[PDB]
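These are the residues of each chain, in order.
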Amino acid sequence: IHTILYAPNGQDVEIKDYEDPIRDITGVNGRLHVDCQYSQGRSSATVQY
Amino acid sequence: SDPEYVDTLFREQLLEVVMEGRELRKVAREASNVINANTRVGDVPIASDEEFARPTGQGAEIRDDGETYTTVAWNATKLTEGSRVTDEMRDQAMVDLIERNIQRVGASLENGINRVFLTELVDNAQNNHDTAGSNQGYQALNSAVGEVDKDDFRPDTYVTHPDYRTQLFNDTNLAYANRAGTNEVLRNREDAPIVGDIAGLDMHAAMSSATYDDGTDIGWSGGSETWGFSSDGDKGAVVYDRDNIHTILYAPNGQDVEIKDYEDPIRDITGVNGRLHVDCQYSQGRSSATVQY
Amino acid sequence: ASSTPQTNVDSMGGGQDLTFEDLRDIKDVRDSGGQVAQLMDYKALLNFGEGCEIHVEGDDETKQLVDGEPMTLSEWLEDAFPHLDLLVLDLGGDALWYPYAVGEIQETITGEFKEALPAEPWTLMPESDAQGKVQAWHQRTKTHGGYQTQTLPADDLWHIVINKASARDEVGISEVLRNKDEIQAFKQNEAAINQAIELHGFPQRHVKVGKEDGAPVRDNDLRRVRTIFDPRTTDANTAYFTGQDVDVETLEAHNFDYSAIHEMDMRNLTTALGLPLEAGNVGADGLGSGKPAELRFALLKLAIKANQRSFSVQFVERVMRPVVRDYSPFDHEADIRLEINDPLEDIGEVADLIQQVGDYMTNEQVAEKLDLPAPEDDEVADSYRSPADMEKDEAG
Amino acid sequence: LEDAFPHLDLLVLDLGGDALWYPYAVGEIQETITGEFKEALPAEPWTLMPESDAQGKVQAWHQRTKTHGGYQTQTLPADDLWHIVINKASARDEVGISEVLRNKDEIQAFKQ
Amino acid sequence: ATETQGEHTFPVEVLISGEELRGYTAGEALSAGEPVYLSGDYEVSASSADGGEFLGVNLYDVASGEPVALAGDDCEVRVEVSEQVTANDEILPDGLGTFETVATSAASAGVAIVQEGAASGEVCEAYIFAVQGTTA
Amino acid sequence: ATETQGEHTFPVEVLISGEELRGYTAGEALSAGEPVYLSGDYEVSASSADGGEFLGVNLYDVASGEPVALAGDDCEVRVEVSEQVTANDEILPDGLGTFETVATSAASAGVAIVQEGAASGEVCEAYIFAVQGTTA
Amino acid sequence: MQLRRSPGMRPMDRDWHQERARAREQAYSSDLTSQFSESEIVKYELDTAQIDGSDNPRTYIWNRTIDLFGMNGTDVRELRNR
Ligand SMILES: [K+]
Ligand SMILES: [K+]
Ligand SMILES: [Mg+2]
Ligand SMILES: [Mg+2]
Ligand SMILES: [Mg+2]
Ligand SMILES: [Mg+2]
Ligand SMILES: [Mg+2]
Ligand SMILES: [Mg+2]
Ligand SMILES: [Mg+2]
Ligand SMILES: [Mg+2]
């Protein structure tokens, strides 16, 4: 089971802290692109109630 | 940078100066008690007035009349001034536009402090001396000191309009060296040491005319009085205790005015912005008297 | 005669003067790297990178018990400033970049001398009196994106000016600001060459489709032709087959002499900054040898001497003497001198000189020229025959 | 003399350099508070110009300088100033020539 | 307006997105999330009902005469509604500190579009797209 | 639009706040502060007297065929009004290079709202909130 | 915000000075419409430059058809009695 992470620059979560000098505000933003896929879904079993 | 025109030697060059505009008088930091606040809102605690001890019978219970307290709140308002220019202007300007806009923004914040200070000082003084024309010179200053002394406070400072200064320096008490004990007012006018040492006051703070908030300026809602000394009912000087009027300055970074130059991340604009927060509050408004025309 | 200046000086900024914005321009030129920064870095290394030596005249006459132990003033100063080579290089570099180097004296908690500690020169600028002496220092610093600001008295700071406008000038000149236009002209032409190489330095394929005066070809048609001749999926030995109405034209690489423009730019900048052309990795035919070489290396060495003496005098007079006065048992009026070493002295040329005329030099003078400790025995130090000759003579 | 003029190598380069740029180098003599010799003090040569009599000798110096309040102006006697001229017009010239003003056209042609 | 988590009540962030935040003087005491309109020269007061009175929403609580920050057009905002609202409803000031739908009001055009629906008295999420002033 | 200080006349800075500025071609000569509208492909001309002709205000004086910087909606501007105006009034291009109120015009919807009142022939401050074109 | 073309900024533009200097030096009369583009008249505010041909050197330089005496190219404002 593969958690596929993508970042256009760097390698992981982008967290940006910036200040807007027009409004006197610090913004803190973050992003990541993520997908998750089995390579072999046969390699797992759910337990069902 | 890429200047479109080169500068040749021996000053055969273009005439490369800017003449200044009108500059307003800045005094509030010297003419009041300055509080550098830790918070943008806050309180100054005020103790109640002195009383008289109570006549009482022998062996009777002594009544309580303990000290009691209130506060004056400060609630500082962000004064701001900003400017934005395209990068083509910065490159092609006759002089440094960033330097000029920095100086303009700094001056606009100082003028802001002085407006807040003068408007509080004039509007909330609890005493008044009405000259009704007549003896408007030294006698008005002495009388205004009398009005504050009659409330059991002692003033030490006065703030003055240009029209009031003009009347005062025509006063025979000050204009004649015989009567003043010095010719300093006749020679050096407002720069005379006696002008800052008169009627028991030990500081003179000379204001501009435009400083008081008429409410004609954009973003400002006016004070209750007319600042001036030209016409019936104008208030043209305030005589007061400097330790009893507080200018509260708050800034989230450092102690004072914050100027930020910045470039727009998208559009080839550069700007400069200034912030400061200020409030002004009498601790004791009874310590102050206006002089009225 | 007078005991105060009766001649006035230009003073107190009544535009066309220094600002903290210009100080941060200098900071930006220094920290943005590349060729301009490396040239001014070489200028610092030539002037100050060869290290220093502290001299006192009559040093033996100073010999005193300092703290239960004997020292001379030279020995005390070498302990007061252990790493003076690094300080000289830092301050000397700063005083070339900026109008001044500037800093504090500091003390241990016990109050003994700690160090002379420089302050960041882009943060500070002076206020003078009318007679042009510095009375206060105004400091502004970025904290949390704004200029937190203070003022200091000129009492306990010190400052050094290599590039004076006049011998009375306590404010000085930045060689960066002096040559601001030459620096900008260099960076402009450098950017121009880099862009011109990308556009014009390489051939580019131009496929032209359709017959002249024939049927027109639309964008969606050119898309399919693009996939055939795509440079990104082409390989070195790809071959093409076409009808007559497809032309594989070429935008040639278009010749221009970027090497000559680089050489010209480097000549302009190096000469403006007072360096020889050779410091910019550029050579010239008529200049590499003979009297044409000897002149330019003479000029460079003279420029270094002038900067070194200007620095040495101020550092002794405005750092070392105050430190001797305030933290030392010695007389601060002593004949202290700070030598700064010659960066281009050939020891093999000095050896040739000693071999030729050593018969006229005391052994101490030889040891001084040859950069050695002077001999231990005063008579051998003072004498003119070599100590190896005195040893063989004494053995004989 | 070596103790009176300890930094003469610097003073010579400053004055000599000034006397190549400007028509003259010029300066004061100064005394310690006690009245012993302090230094020969160079003045800013672009601020000073000489007034001379009919025999060609300098009698006074006229100075003007920038201040916060604009230009300040004053006149000083030739008694307590001294001056040096490298570029004389004639052996009797005591005002001299600026090599820079003399070559103004050549300098402007180079710049152009 | 308020969010609950366990026993706790938290204030909601009125602003979801946008940079169109502007400064005015308050003409009266105002509460975060109230719609406001120009009562005077750079002075704003709480909007009355049925249109013609909207410049933006008040971003934080203020007393009369204090400077106030306001979110205008191009801002996504969390605002209280006086009736049930659904996505794609146009809404405008209710005259009661709330918003209501254009459909319920006497007006024919809104100032914000509801992006997430909400019940009466709840907080909806909406995007501000128009001001309204005195047209006569 | 101009301000007097002693002997001097100063031009007013047209744009108070905003980032919504764009480049067009002048379809005719225009003066700083004039309202303009689309008159050809990326070409702007001075707005006529009622609705349906407004994209923004011209920021600097131009001859015909020159590139024009324009301030659009989401901008606050200093603009001359041809009649007396008050805060909250919606205003509209006047056809004379000035603005006037929606109330005075033949139209019923404005393009900017007055934040700071002014007399006839005088500079108000206003926020541009809308554009108008050919609806038929 | 201010742009280099915006009316309050023109006096700070080096190019506005330099082009007004050119316009004064190249004109022969105050009739701008004949001598300059509408773009130049607007961009450089040429209505307000004191353009009249009095600063153009060709107003004063002699340019006769036949030149026996080397009179051509002499400028009257450089003579002894000027
Ligand atoms: K209703
Ligand atoms: K009409
Ligand atoms: Mg409180
Ligand atoms: Mg009892
Ligand atoms: Mg009581
Ligand atoms: Mg009373
Ligand atoms: Mg005087
Ligand atoms: Mg066909
Ligand atoms: Mg957005
Ligand atoms: Mg905005």
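Residues numbered from 1 in each chain as written, not as in the entry; some residues may be left out. Chains lettered and ligands numbered in written order. Part of a larger assembly, values for the part shown. Heavy atoms only, no water.

### Here's the deal with the interface of chain B and chain D
And step 1. Between chain B and chain D, the residue contacts involve 4 residues of the former and 6 residues of the latter.
And step 2. When the buried surface of chain B facing chain D is broken down by residue, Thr8(B), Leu9(B) and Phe10(B) rank first, second and third, together holding 92% of it.
And step 3. Put simply, chain B and chain D have 0 salt bridges between them.
And step 4. Split into classes, the residues belonging to the side of chain B that touches chain D amount to 2 nonpolar, 1 polar and 1 charged. (Contact = heavy atoms within 4.5 Å. Buried area = accessible area lost by both parts, 1.4 Å probe. Salt bridge = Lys/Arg side-chain N within 4 Å of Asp/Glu carboxyl O. Nonpolar A, V, L, I, M, F, W, Y, C, P; charged D, E, K, R; others polar.)

### Brief notes about the nonpolar core
Across soluble globular proteins, nonpolar side chains show a tendency to be buried alongside one another.
And step 1. Ranked by internal contacts, the top residues of the largest apolar core, which has 38 residues, are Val57(F), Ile91(F) and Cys124(F).
And step 2. The set of elements that each furnish at least two residues to this core consists of β4 (21–26), β8 (67–71), β9 (76–81), β10 (90–93), β12 (112–116) and β13 (122–128) of chain F.
And step 3. By residue number, the principal contributor to this core is β8(F), which donates 4 residues.
And step 4. Counting residues in each nonpolar core, the second largest holds 35 residues, with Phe48(C), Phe81(C), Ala95(C) and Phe311(C) among its members. (Core = buried A, V, L, I, M, F, W, Y, C linked by side-chain atoms within 4.5 Å. Buried < 20%, exposed > 50% of the residue type's maximum accessible area, 1.4 Å probe, protein only. Helix = DSSP H or I, 4+ residues; strand = E, 2+ residues; numbered from the N terminus.)

### Points about the packing of aromatic side chains
Each aromatic ring pair is summarised here by two numbers: the centre-to-centre distance and the angle between the ring planes.
And step 1. In this structure the tally under the stated criterion is 19 aromatic pairs over all chains.
And step 2. Here the aromatic rings of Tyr98(C) and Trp122(C) are separated by 6.2 Å at their centres, their planes lie at 35°, and the arrangement is tilted. With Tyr98(C) in the loop between α4 (84–97) and β4 (101–107) and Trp122(C) in the loop between β5 (113–118) and β6 (124–128), this pair connects stretches of sequence that are 24 residues apart.
And step 3. Using a relative accessible area of 17% as the deciding quantity, one classes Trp122(C) as buried.
And step 4. For the ring pair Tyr24(D) and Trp61(D), a centre distance of 5.0 Å and an interplane angle of 85° mean the geometry is edge-to-face. (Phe/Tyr/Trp six-rings, centres within 6.5 Å; stacked < 30°, edge-to-face > 60°.)

### Things to note about helix α6 (residues 180–200) of chain C
All names here are of chain C.
And step 1. In a regular helix each residue adds 1.5 Å, so 21 residues correspond to 30 Å; α6 covers 30 Å between its end C-alpha atoms and thus fits that length.
And step 2. Looking only at α6, the buried set comprises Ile-183, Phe-186, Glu-190, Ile-193 and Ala-196. Relative to the axis of α6, the buried residues are bounded by an arc of 160° and lie together on one face.
And step 3. Summarising the contacts, the buried residues of α6 are in contact with α1 (20–31), α2 (34–48), α5 (175–178) and α8 (258–272). (Expected span 1.5 Å × (residues − 1). Arc of directions from axis to C-beta.)

### Brief notes about the sheet that holds β4(C)
Residues and elements named next belong to chain C.
And step 1. Judged by pairing direction, the sheet is antiparallel, and its 3 strands sit side by side in the order β5-β4-β9 without closing on themselves. Of all the strands in the sheet, the pair left with one neighbour each is β5 and β9 (157–160). Across the sheet, the mean angle from the axis of one strand to that of its neighbour is 25°, orientation sign disregarded.
And step 2. Relative to β5, β4 is paired through 5 bridges, and the arrangement is antiparallel. (Pairing = 2+ DSSP bridges. Axes fitted to C-alpha atoms, helices over the stretch in contact; angles between N-to-C directions.)

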